[PDB]
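Visitor: Just dropping this structure here.
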């Protein structure tokens with residue numbers, strides 16, 4: 001049950017915010033706050049391994065969506081004694097060529113991010129992976145905002161799996177709205 | 001044992017580079033390539049833990065330098081059952097408990113990225129006296145960090161690596 005751990009670490013904060021989607025929100029989500037407490041990130045890692053299931057367990061490598069999903073991907077890779085790789089969003093118009101940092105061996109991988117929003121950040125990582133000789137059909141996140149990410153990824157042959165949805169977390173915490 | 005691991009993963013590249021120090025060099029070290037091979041990063045982690053010694057073991061948290069030193073810091077934190085935090089060279093992402101922490105990065109050149117992280121850590125109440133990296137290029141990082149009261153420890157210097165590889 002992430003909800004409890006999230007509240008404890010302030011990973012779910014009450015307030016008055018504006019999101020990049022343009023929507024006004026009474027909640028700010030920050031999964032990074034779970035990293036500063038072994039008790040908290042361990043619970044998160046165990047849940048990620050659980051939902052990742054066999055896809056993650058048999059993956060030739062774990063790929064993180066830099067930055068956000070990088071610590072999680074690195075920790076999962078170490079727990080599974082598997083190769084790690086990651087893709088970062090590069091500044092545009094500078095002549096930069098994308099790459100899968102870490103250069104894990106070609107094969108089937110699972111991409112990992114902390115929070116799924118629109119799904120575009122994950123989609124970009126998938127395109128880089130597929131263009132560089134990797135195969136990927138699963139994206140794993142801790143929290144899915146439930147705002148179109150799954151549908152967008154489904155349209156490009158990728159199944160999004162999450163430990164929890166924002167809606168479920170807010171309900172459990174008796175957030176109101 | 002790090003030199004052989006680097007060679008096997010093609011972490012040492014040749015070319016015409018302009019280092020962050022402003023000096024030109026024909027060598028670039030990409031430590032990220034070790035992450036794509038479990039046998040390689042496990043060795044690197046073992047060496048980091050060895051060189052980190054008690055300073056790393058007694059820390060209240062391991063702090064990584066986004067993005068380069070982030071996987072290493074995250075893996076060290078997990079292996080040490082310690083909190084993780086990181087700075088994007090402001091707040092310390094992760095909000096680890098206040099106390100004496102150790103900053104970790106993959107390669108130290110000018111030491112600027114590490115210095116920035118230390119500045120942010122201290123502004124937020126943390127203390128730091130040690131910085132840990134896999135490779136120190138000897139491009140001023142040790143001096144810069146010493147100036148701000150931080151001792152830089154490295155698994156190896158680029159000089160040692162190049163000599164071992166016969167470069």
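Start at 1 and count along the chain as shown; that gives each residue its number.
Quick reminder: no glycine exception, Cβ is built from N, Cα and C everywhere.
Features from Swiss-Prot:
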BINDING   A:88, A:92, A:94, A:113, A:114, A:115, A:116, A:117, A:118, A:119, A:120, A:121  5-phospho-alpha-D-ribose 1-diphosphate binding site
BINDING   A:117, A:145  orotate binding site
Visitor: Reduced to three states, what secondary structure does DSSP give residue A:120 (5-phospho-alpha-D-ribose 1-diphosphate binding site)?
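Guide: DSSP call for residue A:120 (5-phospho-alpha-D-ribose 1-diphosphate binding site): helix.
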Visitor: On the Cα atoms of A:88, A:92, A:94, A:113, A:114, A:115, A:116, A:117, A:118, A:119, A:120, A:121, which are listed as binding 5-phospho-alpha-D-ribose 1-diphosphate, what is the maximum pairwise distance in Å?
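Guide: Farthest Cα pair among residues binding 5-phospho-alpha-D-ribose 1-diphosphate: 28 Å.
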Visitor: When C-beta separations to chain B are restricted to under 8 angstroms, which of the binding-site residues A:117, A:118, A:145 qualify?
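Guide: The answer is none, since no candidate qualifies.
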Visitor: On the three-state reduction of DSSP, what should I expect for residue A:114 (5-phospho-alpha-D-ribose 1-diphosphate binding site)?
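Guide: Its secondary structure by DSSP: strand.
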Visitor: Measuring CB to CB from residue A:116 (5-phospho-alpha-D-ribose 1-diphosphate binding site), give everything in the same chain under 8 Å that is also at least six residues away in sequence.
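Guide: In sequence order, the residues whose Cβ lies under 8 Å from that of residue A:116 (5-phospho-alpha-D-ribose 1-diphosphate binding site) (at least 6 apart) are A:122, A:139, A:141, A:143, A:144, A:145, A:149, A:150, A:160, A:162.
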Visitor: Report the member of A:117, A:118, A:120 (the binding-site residues) whose C-beta atom has the most other C-beta atoms within 10 angstroms.
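Guide: Answer returned by the neighbour count: A:117.
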Visitor: Given a 10 Å Cβ-Cβ cut-off, pick out the one of the binding-site residues A:88, A:94 that has the most other Cβ atoms nearby.
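Guide: Sorting the candidates by Cβ neighbours within 10 Å, the top entry is A:88.
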Visitor: Work out how many Å separate residue A:117 (orotate binding site) and residue A:94 (5-phospho-alpha-D-ribose 1-diphosphate binding site) at their Cα atoms, rounded off.
Guide: 27
Visitor: Write out the long-range same-chain contacts of residue A:114 (5-phospho-alpha-D-ribose 1-diphosphate binding site), meaning residues 6 or more apart in sequence whose Cβ is under 8 Å from its Cβ.
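Guide: Counting only residues 6 or more apart in sequence, the Cβ neighbours of residue A:114 (5-phospho-alpha-D-ribose 1-diphosphate binding site) under 8 Å are A:31, A:32, A:68, A:69, A:72, A:141, A:142, A:143.
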